[PDB]
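So the structure is just underneath, and the comments pick up after that.
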Amino acid sequence: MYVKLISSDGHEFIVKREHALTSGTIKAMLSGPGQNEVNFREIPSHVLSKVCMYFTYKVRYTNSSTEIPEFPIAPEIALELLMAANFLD
Amino acid sequence: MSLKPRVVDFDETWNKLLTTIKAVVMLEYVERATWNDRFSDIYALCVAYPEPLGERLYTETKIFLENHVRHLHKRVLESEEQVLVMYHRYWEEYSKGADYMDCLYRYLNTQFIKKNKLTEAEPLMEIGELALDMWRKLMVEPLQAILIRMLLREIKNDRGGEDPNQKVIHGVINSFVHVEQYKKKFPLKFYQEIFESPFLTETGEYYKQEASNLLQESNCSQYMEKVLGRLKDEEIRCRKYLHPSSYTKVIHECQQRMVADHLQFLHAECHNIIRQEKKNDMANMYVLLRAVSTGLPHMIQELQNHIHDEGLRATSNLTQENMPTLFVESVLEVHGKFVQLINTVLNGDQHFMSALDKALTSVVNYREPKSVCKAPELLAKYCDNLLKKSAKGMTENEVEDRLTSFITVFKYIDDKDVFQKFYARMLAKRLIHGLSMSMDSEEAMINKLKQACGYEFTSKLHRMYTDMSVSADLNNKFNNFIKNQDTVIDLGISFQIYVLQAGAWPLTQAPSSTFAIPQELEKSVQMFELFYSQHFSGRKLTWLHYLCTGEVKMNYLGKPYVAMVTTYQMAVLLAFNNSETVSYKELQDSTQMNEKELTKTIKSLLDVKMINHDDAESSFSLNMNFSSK
Amino acid sequence: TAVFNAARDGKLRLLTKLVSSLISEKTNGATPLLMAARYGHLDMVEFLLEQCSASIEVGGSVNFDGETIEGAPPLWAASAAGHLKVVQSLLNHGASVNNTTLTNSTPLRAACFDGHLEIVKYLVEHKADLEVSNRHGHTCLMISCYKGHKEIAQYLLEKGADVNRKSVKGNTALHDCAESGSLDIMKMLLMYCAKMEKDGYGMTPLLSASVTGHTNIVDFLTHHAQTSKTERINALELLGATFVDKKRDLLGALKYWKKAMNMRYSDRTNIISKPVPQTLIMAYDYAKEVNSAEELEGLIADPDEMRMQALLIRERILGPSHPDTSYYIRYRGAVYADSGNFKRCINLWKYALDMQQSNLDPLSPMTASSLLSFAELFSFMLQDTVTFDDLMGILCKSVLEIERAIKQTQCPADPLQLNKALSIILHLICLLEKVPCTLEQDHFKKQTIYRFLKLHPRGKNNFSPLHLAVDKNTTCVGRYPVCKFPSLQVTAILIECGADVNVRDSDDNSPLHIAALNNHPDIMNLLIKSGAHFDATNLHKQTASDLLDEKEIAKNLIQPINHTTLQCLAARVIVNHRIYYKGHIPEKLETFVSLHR
Amino acid sequence: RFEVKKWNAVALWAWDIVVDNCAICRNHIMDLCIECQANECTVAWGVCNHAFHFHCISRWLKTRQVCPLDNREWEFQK
Amino acid sequence: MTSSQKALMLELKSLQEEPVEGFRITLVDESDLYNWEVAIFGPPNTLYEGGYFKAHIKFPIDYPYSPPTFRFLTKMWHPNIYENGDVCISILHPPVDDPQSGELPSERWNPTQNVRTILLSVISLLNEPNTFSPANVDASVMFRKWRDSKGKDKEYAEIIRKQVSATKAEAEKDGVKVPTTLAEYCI
Amino acid sequence: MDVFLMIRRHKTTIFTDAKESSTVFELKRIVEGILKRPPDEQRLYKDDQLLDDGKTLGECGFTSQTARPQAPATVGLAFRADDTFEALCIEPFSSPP
Amino acid sequence: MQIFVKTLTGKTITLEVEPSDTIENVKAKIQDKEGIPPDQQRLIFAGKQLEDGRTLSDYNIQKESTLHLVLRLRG
Amino acid sequence: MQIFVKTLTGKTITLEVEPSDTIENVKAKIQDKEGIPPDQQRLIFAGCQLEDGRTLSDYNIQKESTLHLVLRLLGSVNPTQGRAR
Ligand SMILES: [Zn+2]
Ligand SMILES: [Zn+2]
Ligand SMILES: [Zn+2]
């Protein structure tokens, strides 16, 4: 019930399927010629690490918490993270 | 490599993409290493640094789909007599392939396609919608007539048991409904026109021919089951060949043809059937004729006529000598029998209970050309015969059931007024002389009548009942006035009086004979009048001489006798008290009344001959020669 | 100079005593000299003049007849107040005698406005002009002759003034006299060589005197000749119509119409026909002028025929140019509406509005006032029948007026005037939505509102119609349950019709911002689930959530996580830390991050 | 000679004034009131020869006093 | 089922018989017994030879306690009527006193008034009005002028003749002879 | 309560949760379910604590104020092969411009 | 003579005063017959209200007419 | 020639009004006597109002009369008033 995501430098991230199905592009994959490794040749490690954390945060704090603390995001990865979040959803 | 925009050649990229889309549309094999690799190539194309190439991508995809569709149509039309067997084969692949390849172009659908025409209503479209439009182009400008003709020929195998390929015809027909992407307003127009028009026309023609064939060599009895079986097979045939939304129209057309083309043929046999029983044969005709717009009133009229004739035969002929019980019994029997028949075979239709009510109303209020409607008199006679019960012959509980049944017949008489007056008079005569079956039953009478007809109908009876209920209490609580009258009381006649109202009691005949009053009756009347006036004032108490009946206890003969007799003969005997012989002149002058009543009283006295005669001055005398029990 | 202008402040003991820095001590659009010369403070005026006379001609603001007037010289105010002593004190001190106000108002005009004859002769005996008019070119002679004032008129005439003084509208002094009777000035002006001239709408002074309702000057002009039969006939019919409309006398109307028709018939040689149109009017109950003396008698029994006859006579004689005809038509409609009958009022007002629009400039208070009458009528009639056709028609006329107004070449219409039209339209849409209909009429409503929305209108503070649909200040029109904007229904119709959900006002306030400022979380949810943007930024650094009150955040009717993506957070950080992004990211993403500023 | 032991008889009674109908509630005097008919109450009398209802005369007594035919007075006694 | 409906249905089924002059109970659907419709034949010797004046009567919720209202559809000229067919019958006023007339001498509503007596009162007022309290001053003034003139001025006669001619044409068209024979009028 | 953890060995990272403070045997069982490895052949290194594999996570230091989902915490891992264990080889992420 | 004047109650009671009496006599007779004061009652013959100061010979009612009385009112 | 007036205080005021008069003249007389505002004063005789502009002679007012002055979609329009003036 897990998916495997490979970055553009070698690191492999294993995240649960329901969490990973948030982005529309990942849902576009895993639905086609077959029905578990997804290879991205562009995303660096320091952005793909934060994408999974955002997935976890969004799934966990969906409609339950009364007060949601802010998402920490450094300004040294903002330009690349915007493009990465645009390619995905 | 990075997601930053860059200059893209569009020569190697499109050649790379052409191989994958071709292998995906045809449902071939594509590995997961290249399916994910082909992603982000569209992203790089969409974010080319100078002059992005989204429109070029759209144009080339459209051209590729056009070529593929044209090649498929060429192959399908090239093959002969195997059509509709390869159309399914090339549609099953194409639908799933378009659905899969729509997922590949998700970026181009989300951005650069979302800027389409808004909901203001061809220039731009999504990719799955474009593929479906291309297949529609294949289905409209090339072959439609051959496909429709072969589908109709395959469906035409109805009379024979030849089973066509169920998984092929259904798929072909359901392929027409797949215009769902452009189904903003009208999702079924294409299928509706193209298939629903000639299929309905052919079905109408074929079932007209089948109805003629069946009616040519059959009766009207072994015809309803045949058409019912045909209709029952039609629905199960239509389930596995057509869309869920096209059953009512087909069944309605089939019904319209077979039934509504020959409604005049069925009417003679509907007249024939109702006269006899034919319990099974009525249900088939009812089910058949519930579908046609106007076929039911003829059956309703026939049933009403049959019920009227049967009721008239049952009631009029069976008259006996003079009995009112067979009238109610026969009407109840007819009503119950036909209610049971209707409920058990016509599925409780309301349109026929009205016919039953009309026919029963007609049969219950029949009038002879030279006689009045003699229903209410017999109804009232049944009423008091069921209520007197001073003699044995019934019970104390079956009466209530008889009355509950009787209210049903009572609910049918047109002229209830004459019934009201008749029951008033006869209930009065029953109530005064105290021969009713104890009590707590006339209350059931009045309550049921009030519940059935209303209050103003029963207004003049409840107060009569209360008068009779309170007279006994008044007598019981008033008889002590004699004891508390201070002076001694010398009234030697036992007393029981009844105080009656004025308009409640319908015996208000104006008196015309001033009969004299007995001796002790004078003192009794004076005492009662004064005591009643003291008890309550503001009322004149009239005296009636034609219902007051006393009794005489005689012991002068060998056998003492008790005569329960009205006041006339007591007055006669008191006149005879003074002298043993009394003539007609002093009989006349001892009182003052019409001579007819005096003659009648004298004749009744002589009927058992308690007196003898030795007219104008005839001298009668006491007769000691008469004895009785 | 605190209390000097706050009160009259005579105070000869102290205020008289107190470089003269207060020589021209003026504030709040007012000066001490104006108040000194306003209330007849002779000692204060003398002290101010002796201290410094440099500010003798300084004018400020004053409110004499209720309304405030700006740029009023002290001499102009003193002439109006009647304080003679200050008047010749200033005249001897050397004040300018023709110092006009901001509206070219001479002190002579103010003097003759109230009727101060002695000030008039003293002013005009000191080299004062006579042919100086206001901005609208209304001379002092016309104002003097409007009122009675039949003592200064003769003296001013003897002073040698002109009498033919057409203004921009071409109204003579004879019109002003005829508007208020004054047969003595009639006789005087007629004696001194007066001419009988028309005006902008083509009104003879006799026709104006018949319109205003006076019954003596009309008789005078019935005499004195130089009038044909047609002029006297028209004057008499107009007098009868004015008796029926303005007042409520009917026997006099019978008498006037009887003498008019007797004169019309006259002799067999000279018979005048009745000019009538070839058309029949629906709202007039298809009536016609009774061209028969026999039909005149017995007409007193039915008043409604008289109302139709008077309306027809007024419409024929004057024409659609006047506002009086439309006003009287609407007045009769309102009278019938108050009489409990509602069927004919709608037709009468429909004809009146049709006449109004095809005669007069767009966005005028008359045609604007016409629409709220229909609004109140439909609000009352809904309140404890109504046809779709009438409401659709009136909405169509409103949209037509809006289109004609917005299609002006220069387009100088202020949003203040357009706000009333937009509010009337929205209230009409609500009242329409409160009524059942059919399919084709529903599609017609959708098409009409589509055209109206695509017209691209604007309002106060550069507000879209969608902005007004979700504001609590829109419902100022009427006071009945007109759904009391903001409302779910009107917003839903506007959104489904195709109203843009991301427009901006003058302060870059999206509709979500206005809704949040008016609470109502349901409208916020409806806008959000229609294409709107949750994280938008106005002119300041404020979002839609930061404008919310305590109740909305406490009840938790808006969940932010459901409508927030990672792009939003990245764009917010990029904007807040001022990172250079142009030339490094896609163009659409650049527009996105510009939006999320 | 002859004699007698017991005697039974009946008699009818009616008010000896007019035996008329109530002019207020428009029904016969010996009948129930309409409000009473919506479901035992007696019948009143006046000093005049007129005999009125009981509930009708009370309901109008809540507003005025005198005979509705004679604006003189009311007695209610007998 | 309420006392008002009971009283009105009793009065209707008593009114099924034949009154003298004003009696035409038209098609009341009996779904709402409060709304009625009556026609006036007209007296044989007064100014209304052979007329037919349709009317309308509205019965309040408390019929024996509250008075009803009377309206005329066709417009006539009567010094005691309003413009919209209303009438100023004193009997139709609620019982309360601000000076109008003597309360005691039957100048207001009492429960012993029925539709019959109401109708005869209406005919009596139509035959003989008062000039003390005009309902419309023009008809009051011409009433006084003709009464003093004893037939010199006939404007009132002319307008009444025109109106009765129109209503007689309508009556002769619809269904009824509109009797004026002084013999068929009496029942 | 619900703590959030990252388990990393070389170029690997697995995202998983925990209930409140459970036996590390349960975490090893979850790791085995992900990777099909024997629970007795693991070390489960903290920074330098070595996390004795019999206790609860509450005394291990993992609290609800340290393992928030917006910024998970890390726990090392080193399988001990047939010869011996590793030298706790964890690679770092790339350096962003 | 004999005239059966209709009363408010639905049962007319005849009067046979004399053919040429006065309305005062008629009102007094119906008063003693029913109890309605003369100052309160008002008589109608056929639509024309009859004044109380005249005599019955001025109306020519023959001998079988009908008068319907009503309560006094004014407009 | 003289009729009374029933004011809100109940005092009867005798006014010498001839038949050749009007409601405006009667209002002027009562304003001279007491000073009631015309916008508030009302005229009710025998339960119905007196129309303005209608002479009291045509209203059938006799000697020793009595009048009361109890205090007392729509016409929400005004005549045009746009000139220089
Ligand atoms: Zn009663
Ligand atoms: Zn009762
Ligand atoms: Zn009495």
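If you're wondering about the labels, chains in the structure tokens are A, B, ... by order shown, residues count from 1 in each chain, ligands from 1 in order shown.
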8 Å contacts from chain C to chain H using only C-alpha atoms, as a PyMOL selection string: chain C and resi 136+138+143+323-324+327+331+334-335+337-338+373-374+376-377+380
For ligand 2, list the contacting residues at 6 Å or closer, counting only C-alpha atoms and all ligand atoms, as a VMD selection string. chain D and resid 33 36 41 55
Expected file: the selected residues, N, CA, C and O atoms, as a PDB file, in the first residue's frame:
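Writing the result to selection-v9.pdb gives the following:
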```
ATOM      1  N   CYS D  33     -78.516  25.822  21.003  1.00  0.00           N
ATOM      2  CA  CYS D  33     -77.792  26.955  20.445  1.00  0.00           C
ATOM      3  C   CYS D  33     -76.747  26.465  19.445  1.00  0.00           C
ATOM      4  O   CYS D  33     -76.248  25.343  19.537  1.00  0.00           O
ATOM      5  N   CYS D  36     -73.800  25.801  21.230  1.00  0.00           N
ATOM      6  CA  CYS D  36     -74.082  24.541  21.905  1.00  0.00           C
ATOM      7  C   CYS D  36     -74.152  23.387  20.912  1.00  0.00           C
ATOM      8  O   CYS D  36     -73.766  22.258  21.238  1.00  0.00           O
ATOM      9  N   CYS D  41     -78.079  23.784  28.393  1.00  0.00           N
ATOM     10  CA  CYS D  41     -78.363  25.117  28.902  1.00  0.00           C
ATOM     11  C   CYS D  41     -79.845  25.446  28.754  1.00  0.00           C
ATOM     12  O   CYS D  41     -80.541  24.920  27.882  1.00  0.00           O
ATOM     13  N   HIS D  55     -78.149  31.978  25.696  1.00  0.00           N
ATOM     14  CA  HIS D  55     -76.773  32.263  25.317  1.00  0.00           C
ATOM     15  C   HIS D  55     -76.706  33.467  24.381  1.00  0.00           C
ATOM     16  O   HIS D  55     -75.792  34.295  24.490  1.00  0.00           O
TER      17      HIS D  55
END
```
12 Å contact set for residue 31 (chain G), only C-alpha atoms, chain neighbours under 2 positions out, as a PDB file with C-alpha atoms, in the first residue's frame:
```pdb
ATOM      1  CA  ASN D  49     -93.957  39.555  26.119  1.00  0.00           C
ATOM      2  CA  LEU D  69     -86.558  45.206  19.744  1.00  0.00           C
ATOM      3  CA  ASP D  70     -87.263  47.626  22.631  1.00  0.00           C
TER       4      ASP D  70
ATOM      5  CA  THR G   7     -93.643  40.858  10.609  1.00  0.00           C
ATOM      6  CA  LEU G  15    -104.840  43.047  11.054  1.00  0.00           C
ATOM      7  CA  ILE G  23    -100.610  55.014   9.868  1.00  0.00           C
ATOM      8  CA  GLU G  24    -100.661  56.066  13.525  1.00  0.00           C
ATOM      9  CA  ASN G  25    -103.461  53.554  14.140  1.00  0.00           C
ATOM     10  CA  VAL G  26    -101.564  50.884  12.183  1.00  0.00           C
ATOM     11  CA  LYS G  27     -98.357  51.459  14.160  1.00  0.00           C
ATOM     12  CA  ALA G  28    -100.244  51.413  17.468  1.00  0.00           C
ATOM     13  CA  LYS G  29    -101.980  48.165  16.501  1.00  0.00           C
ATOM     14  CA  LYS G  33     -99.613  43.045  18.771  1.00  0.00           C
ATOM     15  CA  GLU G  34     -95.825  42.632  18.976  1.00  0.00           C
ATOM     16  CA  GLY G  35     -94.352  45.207  21.364  1.00  0.00           C
ATOM     17  CA  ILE G  36     -92.304  47.302  18.912  1.00  0.00           C
ATOM     18  CA  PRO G  37     -92.598  50.988  19.859  1.00  0.00           C
ATOM     19  CA  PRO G  38     -94.102  53.266  17.191  1.00  0.00           C
ATOM     20  CA  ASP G  39     -91.090  55.580  17.416  1.00  0.00           C
ATOM     21  CA  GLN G  40     -88.946  52.544  16.534  1.00  0.00           C
ATOM     22  CA  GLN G  41     -90.920  50.809  13.769  1.00  0.00           C
ATOM     23  CA  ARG G  42     -91.174  51.917  10.129  1.00  0.00           C
ATOM     24  CA  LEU G  69     -92.168  46.789   8.483  1.00  0.00           C
TER      25      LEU G  69
END
```
CA of residue 63 (chain B) to CA of residue 130 (chain B): how many Å, to one decimal?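 Computing it gives 10.9 Å between the two atoms.
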Distance-based interface of chain H with chain G, 12 Å, counting only C-alpha atoms, as a list in words: residues 46, 47 and 48 of chain H
Within-12 Å residues of ligand 1, basis only C-alpha atoms and all ligand atoms, as a PyMOL selection string: (chain D and resi 20-37+41-45+51-60) or (chain E and resi 3+7+64+111-112)
What residues in chain B have any atom no more than 7 Å from chain C when counting only C-alpha atoms, and can you write them as a tab-separated table (two decimals) with N, CA, C and O atoms, in the first residue's frame?
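Result file iface.tsv:
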```tsv
chain	number	residue	atom	x	y	z
B	4	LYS	N	13.31	24.58	-15.11
B	4	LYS	CA	13.36	25.92	-15.68
B	4	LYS	C	13.02	25.87	-17.17
B	4	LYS	O	13.30	24.88	-17.85
B	5	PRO	N	12.41	26.93	-17.70
B	5	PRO	CA	12.13	26.98	-19.14
B	5	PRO	C	13.41	27.00	-19.96
B	5	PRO	O	14.44	27.53	-19.53
B	47	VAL	N	6.19	25.16	-21.69
B	47	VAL	CA	6.91	26.29	-21.10
B	47	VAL	C	8.19	26.53	-21.90
B	47	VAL	O	9.23	26.87	-21.34
```
Up to 9 Å from chain A, what residues of chain C turn up? Count only C-alpha atoms and give them as a short mmCIF file (atom, residue, chain, number, x, y, z; two decimals) with N, CA, C and O atoms, in the first residue's frame.
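selection05.cif was written with the following content:
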```cif
data_model
loop_
_atom_site.label_atom_id
_atom_site.label_comp_id
_atom_site.auth_asym_id
_atom_site.auth_seq_id
_atom_site.Cartn_x
_atom_site.Cartn_y
_atom_site.Cartn_z
N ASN C 556 -16.31 28.93 12.66
CA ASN C 556 -15.52 28.15 11.70
C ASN C 556 -16.38 27.73 10.50
O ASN C 556 -16.59 26.54 10.23
N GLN C 559 -12.96 26.99 6.10
CA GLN C 559 -11.77 26.19 6.36
C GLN C 559 -10.69 26.57 5.37
O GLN C 559 -10.88 26.40 4.16
N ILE C 561 -7.53 25.40 4.83
CA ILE C 561 -6.68 24.36 4.27
C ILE C 561 -7.29 23.77 3.00
O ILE C 561 -6.57 23.44 2.06
N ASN C 562 -8.62 23.66 2.95
CA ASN C 562 -9.28 23.09 1.78
C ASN C 562 -9.05 23.90 0.52
O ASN C 562 -9.15 23.36 -0.58
N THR C 565 -3.05 25.77 -1.40
CA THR C 565 -2.11 24.85 -2.03
C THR C 565 -0.68 25.28 -1.72
O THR C 565 -0.43 26.34 -1.15
N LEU C 566 0.27 24.42 -2.12
CA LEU C 566 1.68 24.71 -1.88
C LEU C 566 2.16 25.88 -2.72
O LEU C 566 3.07 26.62 -2.30
N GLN C 567 1.56 26.07 -3.90
CA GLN C 567 1.86 27.23 -4.73
C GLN C 567 1.59 28.52 -3.98
O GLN C 567 2.36 29.49 -4.09
N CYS C 568 0.49 28.57 -3.22
CA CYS C 568 0.13 29.78 -2.49
C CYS C 568 1.20 30.14 -1.46
O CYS C 568 1.62 31.30 -1.36
N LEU C 569 1.66 29.15 -0.70
CA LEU C 569 2.68 29.40 0.31
C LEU C 569 4.00 29.82 -0.33
O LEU C 569 4.66 30.76 0.14
N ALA C 570 4.40 29.14 -1.41
CA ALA C 570 5.64 29.52 -2.09
C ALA C 570 5.57 30.94 -2.63
O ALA C 570 6.52 31.72 -2.50
N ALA C 571 4.44 31.30 -3.24
CA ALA C 571 4.28 32.65 -3.78
C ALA C 571 4.27 33.69 -2.68
O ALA C 571 4.85 34.77 -2.83
N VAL C 573 5.82 33.51 0.24
CA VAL C 573 7.19 33.68 0.71
C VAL C 573 8.02 34.48 -0.29
O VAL C 573 8.77 35.39 0.09
N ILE C 574 7.88 34.17 -1.59
CA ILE C 574 8.62 34.89 -2.62
C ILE C 574 8.28 36.38 -2.58
O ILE C 574 9.17 37.23 -2.66
N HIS C 577 9.64 38.11 0.93
CA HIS C 577 11.08 38.29 1.09
C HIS C 577 11.73 39.04 -0.07
O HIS C 577 12.95 39.22 -0.06
N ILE C 579 12.21 38.48 -3.54
CA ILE C 579 13.14 37.69 -4.34
C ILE C 579 12.88 37.97 -5.81
O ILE C 579 11.72 38.10 -6.24
N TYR C 581 12.29 37.13 -9.47
CA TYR C 581 11.73 35.97 -10.15
C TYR C 581 11.58 36.12 -11.65
O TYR C 581 11.45 35.10 -12.34
N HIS C 584 13.25 33.88 -14.65
CA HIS C 584 13.65 32.60 -14.08
C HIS C 584 12.52 31.59 -13.97
O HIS C 584 12.79 30.40 -13.80
N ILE C 585 11.26 32.02 -14.07
CA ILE C 585 10.11 31.13 -13.92
C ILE C 585 9.17 31.37 -15.09
O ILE C 585 9.26 32.39 -15.78
N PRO C 586 8.26 30.40 -15.35
CA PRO C 586 7.23 30.60 -16.39
C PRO C 586 6.46 31.91 -16.28
O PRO C 586 6.41 32.53 -15.22
N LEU C 589 3.19 31.68 -14.12
CA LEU C 589 3.57 31.70 -12.71
C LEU C 589 3.97 33.10 -12.26
O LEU C 589 3.74 33.47 -11.10
#
```
Surrounding residues of residue 9 (chain A) excluding itself and chain neighbours under 6 positions, 9 Å, only C-alpha atoms, as a ChimeraX atom specification: /A:41-45 /F:94
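When DSSP reads the backbone of this structure, the residues of region 36-144 of chain E it assigns to strand (DSSP E) are residues 39, 40, 53, 54, 55, 56, 57, 58, 69, 70, 71 and 72 of chain E.
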Include N, CA, C and O atoms and write out the residues we just selected as a PDB file, in the first residue's frame.
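Heads up, here's the output in result-v4.pdb:
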```pdb
ATOM      1  N   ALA E  39     -80.068  41.190  -6.967  1.00  0.00           N
ATOM      2  CA  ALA E  39     -80.512  42.115  -7.997  1.00  0.00           C
ATOM      3  C   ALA E  39     -81.756  42.846  -7.520  1.00  0.00           C
ATOM      4  O   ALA E  39     -82.597  42.269  -6.824  1.00  0.00           O
ATOM      5  N   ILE E  40     -81.869  44.117  -7.897  1.00  0.00           N
ATOM      6  CA  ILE E  40     -82.966  44.982  -7.476  1.00  0.00           C
ATOM      7  C   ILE E  40     -83.874  45.214  -8.675  1.00  0.00           C
ATOM      8  O   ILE E  40     -83.422  45.691  -9.723  1.00  0.00           O
ATOM      9  N   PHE E  53     -80.386  46.520 -11.074  1.00  0.00           N
ATOM     10  CA  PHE E  53     -79.158  47.008 -10.457  1.00  0.00           C
ATOM     11  C   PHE E  53     -78.510  45.859  -9.693  1.00  0.00           C
ATOM     12  O   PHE E  53     -78.911  45.544  -8.570  1.00  0.00           O
ATOM     13  N   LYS E  54     -77.511  45.234 -10.308  1.00  0.00           N
ATOM     14  CA  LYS E  54     -76.764  44.183  -9.638  1.00  0.00           C
ATOM     15  C   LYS E  54     -75.991  44.759  -8.457  1.00  0.00           C
ATOM     16  O   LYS E  54     -75.524  45.900  -8.490  1.00  0.00           O
ATOM     17  N   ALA E  55     -75.862  43.958  -7.406  1.00  0.00           N
ATOM     18  CA  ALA E  55     -75.233  44.411  -6.174  1.00  0.00           C
ATOM     19  C   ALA E  55     -74.279  43.329  -5.684  1.00  0.00           C
ATOM     20  O   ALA E  55     -74.044  42.323  -6.360  1.00  0.00           O
ATOM     21  N   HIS E  56     -73.727  43.545  -4.493  1.00  0.00           N
ATOM     22  CA  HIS E  56     -72.797  42.605  -3.883  1.00  0.00           C
ATOM     23  C   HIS E  56     -72.831  42.812  -2.378  1.00  0.00           C
ATOM     24  O   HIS E  56     -72.767  43.952  -1.910  1.00  0.00           O
ATOM     25  N   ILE E  57     -72.934  41.718  -1.628  1.00  0.00           N
ATOM     26  CA  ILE E  57     -73.028  41.766  -0.174  1.00  0.00           C
ATOM     27  C   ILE E  57     -71.926  40.894   0.409  1.00  0.00           C
ATOM     28  O   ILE E  57     -71.803  39.719   0.045  1.00  0.00           O
ATOM     29  N   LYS E  58     -71.132  41.464   1.310  1.00  0.00           N
ATOM     30  CA  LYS E  58     -70.062  40.746   1.991  1.00  0.00           C
ATOM     31  C   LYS E  58     -70.439  40.583   3.456  1.00  0.00           C
ATOM     32  O   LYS E  58     -70.725  41.573   4.139  1.00  0.00           O
ATOM     33  N   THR E  69     -71.642  44.524   4.511  1.00  0.00           N
ATOM     34  CA  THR E  69     -71.383  45.636   3.610  1.00  0.00           C
ATOM     35  C   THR E  69     -72.183  45.460   2.326  1.00  0.00           C
ATOM     36  O   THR E  69     -72.435  44.337   1.880  1.00  0.00           O
ATOM     37  N   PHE E  70     -72.577  46.585   1.735  1.00  0.00           N
ATOM     38  CA  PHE E  70     -73.412  46.603   0.541  1.00  0.00           C
ATOM     39  C   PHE E  70     -72.732  47.444  -0.526  1.00  0.00           C
ATOM     40  O   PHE E  70     -72.299  48.569  -0.251  1.00  0.00           O
ATOM     41  N   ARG E  71     -72.636  46.903  -1.741  1.00  0.00           N
ATOM     42  CA  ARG E  71     -71.996  47.597  -2.847  1.00  0.00           C
ATOM     43  C   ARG E  71     -72.845  47.460  -4.102  1.00  0.00           C
ATOM     44  O   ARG E  71     -73.554  46.469  -4.286  1.00  0.00           O
ATOM     45  N   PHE E  72     -72.762  48.469  -4.962  1.00  0.00           N
ATOM     46  CA  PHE E  72     -73.454  48.481  -6.243  1.00  0.00           C
ATOM     47  C   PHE E  72     -72.430  48.392  -7.364  1.00  0.00           C
ATOM     48  O   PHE E  72     -71.483  49.185  -7.409  1.00  0.00           O
TER      49      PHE E  72
END
```
